[PDB]
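# Tertiary structure, described
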Amino acid sequence: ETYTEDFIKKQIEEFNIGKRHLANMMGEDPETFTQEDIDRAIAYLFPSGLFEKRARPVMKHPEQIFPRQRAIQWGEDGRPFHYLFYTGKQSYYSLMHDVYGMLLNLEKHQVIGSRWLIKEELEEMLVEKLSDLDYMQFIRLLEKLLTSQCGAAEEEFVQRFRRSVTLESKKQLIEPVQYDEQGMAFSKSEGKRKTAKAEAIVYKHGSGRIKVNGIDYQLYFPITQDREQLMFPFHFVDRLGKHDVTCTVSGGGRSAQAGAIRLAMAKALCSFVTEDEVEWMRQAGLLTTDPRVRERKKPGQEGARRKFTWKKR
Amino acid sequence: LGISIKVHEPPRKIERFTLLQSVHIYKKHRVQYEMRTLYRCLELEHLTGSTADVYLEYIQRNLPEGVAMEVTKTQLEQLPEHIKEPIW
Amino acid sequence: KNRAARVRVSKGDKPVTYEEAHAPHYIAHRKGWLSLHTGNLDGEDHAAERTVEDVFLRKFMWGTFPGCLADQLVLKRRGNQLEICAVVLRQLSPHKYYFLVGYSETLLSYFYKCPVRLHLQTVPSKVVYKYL
Amino acid sequence: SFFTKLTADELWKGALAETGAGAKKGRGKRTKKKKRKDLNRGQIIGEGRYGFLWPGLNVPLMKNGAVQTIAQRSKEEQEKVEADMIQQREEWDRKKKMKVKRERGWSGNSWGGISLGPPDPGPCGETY
Amino acid sequence: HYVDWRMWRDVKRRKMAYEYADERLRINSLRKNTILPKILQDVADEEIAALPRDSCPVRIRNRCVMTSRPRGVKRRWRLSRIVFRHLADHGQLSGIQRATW
Amino acid sequence: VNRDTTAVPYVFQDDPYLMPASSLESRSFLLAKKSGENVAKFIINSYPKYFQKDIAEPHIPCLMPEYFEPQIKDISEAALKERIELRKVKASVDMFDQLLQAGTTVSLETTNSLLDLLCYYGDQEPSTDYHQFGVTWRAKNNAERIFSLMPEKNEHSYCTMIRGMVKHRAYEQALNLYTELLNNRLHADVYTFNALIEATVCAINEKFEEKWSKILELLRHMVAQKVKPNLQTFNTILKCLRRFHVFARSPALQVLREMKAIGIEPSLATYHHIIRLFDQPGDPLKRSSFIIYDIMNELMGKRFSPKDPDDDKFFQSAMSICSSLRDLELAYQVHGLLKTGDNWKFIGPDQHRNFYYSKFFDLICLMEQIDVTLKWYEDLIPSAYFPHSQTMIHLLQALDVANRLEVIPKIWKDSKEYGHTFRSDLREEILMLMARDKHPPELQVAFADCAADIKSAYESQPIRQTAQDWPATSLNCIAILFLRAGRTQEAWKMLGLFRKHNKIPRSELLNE
Amino acid sequence: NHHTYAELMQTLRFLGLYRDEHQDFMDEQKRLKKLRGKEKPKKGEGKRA
Amino acid sequence: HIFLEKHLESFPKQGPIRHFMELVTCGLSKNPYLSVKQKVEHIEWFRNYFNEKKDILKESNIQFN
Amino acid sequence: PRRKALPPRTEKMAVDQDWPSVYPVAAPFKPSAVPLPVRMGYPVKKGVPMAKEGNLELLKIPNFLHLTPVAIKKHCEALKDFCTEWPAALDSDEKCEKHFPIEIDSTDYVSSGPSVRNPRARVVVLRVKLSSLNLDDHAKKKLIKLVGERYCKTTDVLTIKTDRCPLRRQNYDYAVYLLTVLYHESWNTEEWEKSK
RNA sequence: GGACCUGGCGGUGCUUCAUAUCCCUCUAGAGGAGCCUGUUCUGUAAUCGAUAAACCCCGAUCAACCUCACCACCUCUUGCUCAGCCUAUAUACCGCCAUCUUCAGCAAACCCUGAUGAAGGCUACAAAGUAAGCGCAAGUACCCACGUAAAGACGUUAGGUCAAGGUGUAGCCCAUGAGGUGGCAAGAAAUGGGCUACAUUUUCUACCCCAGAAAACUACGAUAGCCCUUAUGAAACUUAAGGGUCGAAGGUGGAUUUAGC
Ligand SMILES: [K+]
Ligand SMILES: [K+]
Ligand SMILES: [K+]
Ligand SMILES: [K+]
Ligand SMILES: [K+]
Ligand SMILES: [K+]
Ligand SMILES: [K+]
Ligand SMILES: [Mg+2]
Ligand SMILES: [Mg+2]
Ligand SMILES: [Mg+2]
Ligand SMILES: [Mg+2]
Ligand SMILES: [Mg+2]
Ligand SMILES: [Mg+2]
Ligand SMILES: [Mg+2]
Ligand SMILES: [Mg+2]
Ligand SMILES: [Mg+2]
Ligand SMILES: [Mg+2]
Ligand SMILES: [Mg+2]
Ligand SMILES: [Mg+2]
Ligand SMILES: [Mg+2]
Ligand SMILES: [Mg+2]
Ligand SMILES: [Mg+2]
Ligand SMILES: [Mg+2]
Ligand SMILES: [Mg+2]
Ligand SMILES: [Mg+2]
Ligand SMILES: [Mg+2]
Ligand SMILES: [Mg+2]
Ligand SMILES: [Mg+2]
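Deposited coordinates in this entry are attributed by the record to cryo-EM, at a stated resolution of 2.92 Å.

Here it is, written out as structure tokens:
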């Protein structure tokens, strides 16, 4: 399905007329009608619940919709425009030629936030199909260019093939410190373990009292291991007997409830400890939601993993 | 129409069931199906019967295909005259 | 190997529509439902009766517009209204399409005791999604 | 039952048995295969056994500037229609059996010596 | 014009069971208590046993309405698993999809 | 919501292949759809057992089969009444004869109910799904036979005989029967008098003064018998005076003034008959001018209800005079009355709707500014009606007078979309205007793209079965437009067609 | 009501308003079996007599 | 629908036949799927059934009319 | 020559037209009538979502073209004449409870099909607070025992649910009858009550 | 007969690996007892199909009548059907599947190599391959980007199913079709899967984890046997539930073997 320039030009004329129609339908100014408004209006007028968004109704600009097509690479006389046409990879080899030429001129003269573009992004800048070894050879040639004393002209070029990657900080978020009617500072957080959901209120000052659904923690958790879980966050930061806690937990069993409270208390306790202590709690596994939940049973087998006995042959 | 309306989304219901995959034997091979029922609850308050008739007729006629509606109406009534005082 | 509702690969010469090209696991993901009614929602009744009616209308329209249907029917129910939306070809004369619309809407309205409307969308040829 | 009926494509795909373990490795010594016949070929929408004339479907809608009314062909007039359809059908069968004679090569069953015609014209309007 | 003779027998059983439902309900009420005399209940036992055999509702079988398959039927749609899947797998059953989770 | 001007009427399928492209297809597509409905109803009523399962709640009485056969097979009075309700003329007569021979008593009310059926249909069976000029009252008919055999005859028995005779054009017999009714000291009703007024005028051909003296005698008789006239009495007088024209112009206006006084309110039919009576061939300015101006001042801003069968003819008649008078302000008042409330439903059948809009639009193009004319062109066509080829010409003549010829290529595009691709009078008109004078290069190029498409229309006519016919003017214009556009190659090729068809070349073409 | 559906659509086929591809398929197979000699016998005149 | 004791006037006022019919009417008073006409039919059926069984009931010391 | 399809009438639509006149009521998607270059369909490799012409996926959608914000606002301007004004005195729920102590709950079910019947629609629920009723110490105690679990001590609300009659109006009148006989029996004092 | 090509196979080589996976290792089981259930045999006048992996609580998310297709007896003949057939053929097929697959390959159309043979087509500091499409992948569902589902081509086993339904061919048509009544569906024996056990990490009771008792011929241990009651039903020694009585084998199971990251 090749698409000519005349075909795309007609598709853009339709999109601009339809863009004004869509704005007229919704009673909005056609001049200030953006692509975000188009998507909102199309989702209302043509509601689709299909799980894959690519299968849903779309009214995008032709440039966004249609794929990139290389233009004709020769004229009426049949002479190709580019001197590397007969390689079949004129854009790739023209780039290798340009990078190789810069490496030569340097000799005559003489990380965290960025990555190399992937093969599928190079294959779009060039508008050609590339092998994996072609991609490697090009990257090996760019790396060889950074190690050299590349100037400003040789730095704008390398940055074209570098894509900024947004590292996400692992630093734990801190809850706001609130104040009650009596003026006592406290923090509040939540935790989930299996099907248990907990919400804990940790007071800045206290004597070590913990109330779980209004009950003393040792009466609510008669099993000693459930109480060790409540001790774990405070003990790890040397704050046993320094805070009062009132928490509520629902769902799950006794152990899942102790785990949900442990996570809720640890997150809320992060408001009253130093930043270095919060990173130690994170590295100790006290601030991570356990993703381990029951696996579904599959049909045709006894359990989530166990298979029916392989019958004796 | 000047009606006070609040909206919330009750939790969805997914009914799953299993069927044999083959026409004959091969019990351990099944095909599983589900029906997803999603909910939206519009809560209107302090409206007269005449206003409720127009609004419900307007939105019931425009109920999309595949969408069912359960409208629960809470009517305000005064005490029956017999109950106002004990006969005894 | 799974067979259900799968048009199998060939030599690249078999035209399939969008409906035909998607196996059942794509239902509700890439393809929608061909009939929409409330019978299969939680707490709703008469799913069996809606299913029988749908099977009939599909067979009925196949034989009432023989060789004219270019895709599956889309069945819509709103209240007691029944809407039949069909993509048809442009071979039969328009007089015959008006005869069959009047005939089908009337006959189906008396059969199922509900107002039935038939909406025809004409295409020059069967719309091809891909060649398997 | 009306609901147990299938389409012609399903009926021919089954009846023909073109796909199957027998076709896989030519497992059967078979010669004359059943051939699918299109049963809607000579069929006119609106024509039925009873011979009714539906205005706008199988007969003209207007006759002499007035809308025609529902009518039915006479028993005699309908017999002719059926016979004419059988003769039309027999012609379709007869002609298909009739074949043009292949010029033979070195022997009657051999491919050697048979002409295949000129080579196909090349993509750039080249001809042979 | 029913799918088979077995569906036709069930059709008749459902029709006769409908005709005798009230009579059987009334007679059974006399048999399903400890209030009335045994002499009266013993006569009611004979009366309900003398009714036609195909008036008994336990003989009704839920068969597939399109294929008459006596087992593997889903009550909500009255279809066999094979017929149900055919319609479900072609997207012709409103709201029904393959389940993955 | 208002009418969608880009769409054809709602009754048609909203599809470019199924939308009607002409007034002929507009009429025939609806007839084909109605034919399909009749075939469905024929099957539903022929095989009712297939359509008897009622799954609808609440019950829909109008979606059940109809049973047109009598279900009482006993011979008695209560079984005859059934065949009269079903309007079985033959079965009811046979049942009445057998019932009479047996000697059983048949009530009077039922005997009258049998005459109302025979007298209305003329002893003939009403039309069914499947089993003009002249008098249709036969000399010996079941109605007269039953009437004579009748033992006791009341007022209603005579009245249904007098009305039925006039309905079937037995004008002379109905007057003879009206004499017996008076000899028997009986009193007729208003409906009988309405029929007798129709008979007095149509019985014999006489001068107006003779006819106008009899009618006034019937009306005075109607006052002697304490019978009050209804609307149809006055509408029949005006409908019957149409023949006399000029002689009845002042007498007809005396009826209208009487209606207002008595208290009867003139309907749309009352003015249609006055409009047609005054709109005789001739110079309408003398009288017709002030009759239509006074009729509209009265009807201004009035919502109308159906009272007479001829109410759906006023708008067609009123527009016809506005075109004749060439008064566009009056035409807007007529159309304004059609647009007030629900008055649009009185336009009439499809033939009356197309005539009304043809005269209305043809008057706009003539007497209205071209900028407004092109707004009505968009509002009316194809939304309200499909234009006849003579209105496309009237539209081009308006563009010429306005010196707006850049629209000609649009009129040709629309003309094809309305079924006028192969009209000779139209293609000749378009080509002559385009090639009448030279224009700037931008316009001249546009005229050559249209002439080319017209040339294709001449080449691919449905008359291609016959030898192709190219008018002399068409060939000269098409060639001239190519030269003036610079497509000289196309012009030189066409010169062969002057010799092939033996068409004289125009002097201007040779010089260019 | 399988009687209603089957009888209705059979009637519509004889009226020319419904094309039953399945029935046409069966009618063609039955036609070719006559030419092949495999015709249904008359009741009482079966191969066993 | 809910008060059906007016229809038991033909039955005995005490004994097993009264106790049994109070259960029948109790169940009929809780049935929203039956019209009043249909509920009376049930009661009338028992009234006739017990009349035909008078001899059997007399043997058990029960007097139905 | 065969019949040539006309061009779509979207090409005649102005960008400042009254769209509610094009789609006045719910109707299936019509490519020839919707002047939008909307596409739908999971695209093939190096392909695009299918165009609207002959697009079954767009036909399957319950579109809202007849309910544009412009249309809704015009529709509601015409529907204001049908509405009545809520009493200003009833500003809060607590004020409603004072003047109207009884609450009647009913449910209507809108489904698609030929039959509008639904057996769940007959149910009526009557809720009242015993504080609203004129009950003395003896009557309030007896009423709570008679109703049993229908009364909730936390809320002090008596809930009478009636669904034994075929119709809703019958189930409503029965709920009021129950409230009336419960109220009057609560005020009556029998001799066996002395044995409490 | 000579020499080759391709494929298969080798108690075939080298190298590298498997990840609940081949060995060793880890945990709980099966194989021993009773019982439940399937199958095979035997039996019966008394179905059918699956039946190495890939059959064996399999078609059945289900057989007291019905279901039912079986047997015996009796009855009907244009027959619920513009008839019918669970009659043969899954080695004629559609349909829906098993299986490798816990795979990653299949392949149109070209081009080139081999003297223009069957055939073959790669080396990245590259030497003849270019490859649409399909699958994998990617996306989507479920709680994430993880996992689990889903997906999984072309082919393989004439694999399974004519008894889901439909259907080619052949066959039956006073019967190989239709209906009714009643009846079979057992256990010498063997075997697969499961259940409960053999107990002290236990048994009973309270409680739902700070207790008191029990603990070897009145212990642990039957969901079995026998009796009774109840539930469903028109119909129950028969199906289910409960109670009473009874208190057996079993004392942790050989070779071998299943599952799980
Ligand atoms: K080898
Ligand atoms: K073991
Ligand atoms: K075992
Ligand atoms: K197969
Ligand atoms: K089969
Ligand atoms: K077969
Ligand atoms: K023991
Ligand atoms: Mg486990
Ligand atoms: Mg599988
Ligand atoms: Mg042979
Ligand atoms: Mg030879
Ligand atoms: Mg059963
Ligand atoms: Mg293992
Ligand atoms: Mg064992
Ligand atoms: Mg077996
Ligand atoms: Mg076998
Ligand atoms: Mg087998
Ligand atoms: Mg039996
Ligand atoms: Mg049995
Ligand atoms: Mg048999
Ligand atoms: Mg096989
Ligand atoms: Mg994933
Ligand atoms: Mg899987
Ligand atoms: Mg995948
Ligand atoms: Mg085999
Ligand atoms: Mg037999
Ligand atoms: Mg026991
Ligand atoms: Mg019992």
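## Comments concerning the overall build of chain E
Helix and strand counts for chain E come out as 4 helices and 3 strands. Secondary structure elements in chain E, listed N-terminal to C-terminal, are α-α-α-β-β-α-β. Summarising its shape, the C-alpha atoms of chain E cover approximately 60 × 35 × 20 Å along the three principal directions. Counting only residues that meet the buried cut, chain E has 44% of its 101 residues in that class. One finds the centroid of the 24 positive side-chain charges in chain E at a distance of 12 Å from the centroid of its 11 negative side-chain charges.

## Notes on the interface of chain I and chain B
Interface size is commonly expressed as the accessible surface area that is lost when the partners come together. Taken together, the contact pairs 44 residues of chain I with 33 residues of chain B. Interface area, chain I with chain B, both sides summed: about 3500 Å², of which 65% is carbon and sulfur. By the criterion of area lost to chain B, the three top residues of chain I are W86(I), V110(I) and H184(I), representing 17% of everything that side buries. Counting across the interface, chain I meets chain B through 1 salt bridge. A salt bridge links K73(B) to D108(I), with the nearest nitrogen and oxygen atoms 3.7 Å apart. Among the elements of the structure, α2 (69-79), α3 (93-99), β1 (102-110) and α5 (168-187) of chain I are those that each provide at least two residues to the side of chain I that touches chain B.

## A look at the side chain of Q172(A)
All names here are of chain A. Tracing the chain through its elements places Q172 in the loop between β2 (162-164) and β3 (178-179). Owing to a relative accessible area of 17%, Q172 belongs among the buried residues under this scheme. Each residue touching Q172, except ones within four places of it in the same chain, is listed here: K267, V278, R282 and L287.

## Overview of the protein's contact with RNA strand J
Surrounding RNA strand J, one finds 120 residues, the nearest of these being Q21(B), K27(B), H29(C), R24(E) and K43(G). Among all atoms of RNA strand J positioned within 4 Å of the protein, those belonging to sugar or phosphate total 70%. With respect to RNA strand J, the side chain of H29(C) contributes an N or O atom lying 2.4 Å from a sugar or linking oxygen. Between RNA strand J and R31(E) there is a distance of 2.6 Å, counted from a phosphate oxygen to a side-chain nitrogen or oxygen. Residues that form the surface near RNA strand J fall into these classes: 39 nonpolar, 27 polar and 54 charged.

## Re a positive patch on the surface
Judged by side-chain charge, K1(C), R3(C), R8(C), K14(C), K13(D), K24(D), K25(D) and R27(D) come together as a positively charged surface patch. Turning to its location among the elements, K25(D) is positioned in the loop between α2 (21-24) and β1 (52-53).

## Here's the deal with a negative patch on the surface
A cluster of like negative charges, contributed by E13(A), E14(A), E11(I) and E53(I), occupies part of the molecular surface. Relative to the helices and strands, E14(A) is located in helix α1 (residues 5-25). By relative accessible area, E14(A) is classed as partly exposed at 40%.

## What about the packing of aromatic side chains?
Across all of its chains, the model carries 70 aromatic pairs over all chains by this definition. Between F147(F) and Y158(F), the aromatic rings sit 5.2 Å apart at their centres with planes inclined by 85 degrees, giving edge-to-face as the arrangement. On the criterion of sequence distance, the pair formed by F147(F) in helix α5 (residues 142-149) and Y158(F) in helix α6 (residues 155-167) is long-range, its members being 11 residues apart. Each member of the pair, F147(F) together with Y158(F), is buried. Between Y332(F) and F360(F), the aromatic rings sit 6.4 Å apart at their centres with planes inclined by 85 degrees, giving edge-to-face as the arrangement. Of this pair, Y332(F) sits in helix α15 (residues 328-339) while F360(F) sits in helix α16 (residues 350-367), and the two are 28 residues apart along the sequence. Note on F360(F): relative accessible area 0%, which makes it buried. Residue placement shows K59(C) over the ring face of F2(D); its charged tip is 5.1 Å from the ring centre.

## Thoughts on the arrangement of the chains
Across the 20 pairs of chains that are in contact, the largest number of contacts falls between chains B and I. Chain I makes no contact with chain D, the minimum C-alpha separation between the two being 17 Å. In this view chain G stays clear of chain I, with the nearest C-alpha atoms of the two still 17 Å from each other.

## Considering the state of the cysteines
Under the defined criterion, the tally for this structure stands at 0 disulfides over all chains. Unpaired in terms of disulfides, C85(C) finds its nearest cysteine sulfur in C114(C), a separation of 14 Å. Here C240(F) is not cross-linked by a disulfide; its sulfur's nearest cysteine counterpart is in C202(F), at 5.1 Å. Assessed through its relative accessible area of 7%, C240(F) is described here as buried.

## Examining the side chain of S289(F)
Residue and element names in this part refer to chain F. With respect to the helices and strands, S289 occurs in helix α13 (residues 288-299). With a relative accessible area of 7%, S289 lands in the buried category. A polar side-chain atom of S289 sits 3.2 Å from the main-chain carbonyl oxygen of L285. Once residues within four sequence positions are removed from consideration, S289 is found in contact with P284 and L325.

## Quick notes on the nonpolar core
Of all hydrophobic cores here, the largest spans 223 residues; its most connected members are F56(C) and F314(F). Ranked by residues supplied to this core, first place goes to helix α2 (residues 94-112) of chain C with 11 residues. Ignoring anything within four residues of it in the chain, the contact list for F314(F) reads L268(F), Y271(F), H272(F), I275(F), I295(F), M296(F), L299(F) and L337(F). Judged by nonpolar contacts, the second largest core, of 32 residues, contains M13(I), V34(I), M40(I) and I61(I).

Cut-offs applied
- Residues numbered from 1 in each chain as written, not as in the entry; some residues may be left out.
- Chains lettered and ligands numbered in written order.
- Part of a larger assembly, values for the part shown.
- Heavy atoms only, no water.
- Helix = DSSP H or I, 4+ residues; strand = E, 2+ residues; numbered from the N terminus.
- Buried < 20%, exposed > 50% of the residue type's maximum accessible area, 1.4 Å probe, protein only.
- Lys, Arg positive; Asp, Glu negative; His and termini not counted.
- Charge placed at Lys NZ, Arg CZ, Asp CG, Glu CD.
- Contact = heavy atoms within 4.5 Å.
- Buried area = accessible area lost by both parts, 1.4 Å probe.
- Salt bridge = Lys/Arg side-chain N within 4 Å of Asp/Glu carboxyl O.
- Near = heavy atom within 4 Å.
- Polar contact = N/O pair within 3.5 Å; in protein donor to acceptor, adjacent residues only side chain to side chain.
- Nonpolar A, V, L, I, M, F, W, Y, C, P; charged D, E, K, R; others polar.
- Patch = residues over 30% accessible without salt bridge, like charges linked within 9 Å, V, L, I, M, F, W, Y side chains within 5 Å.
- Areas by Shrake-Rupley, 256 points an atom, 1.4 Å probe, with all protein chains shown as cover.
- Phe/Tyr/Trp six-rings, centres within 6.5 Å; stacked < 30°, edge-to-face > 60°.
- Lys NZ or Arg CZ within 6 Å of the ring centre and 35° of its normal.
- Disulfide = S-S within 2.5 Å.
- Core = buried A, V, L, I, M, F, W, Y, C linked by side-chain atoms within 4.5 Å.

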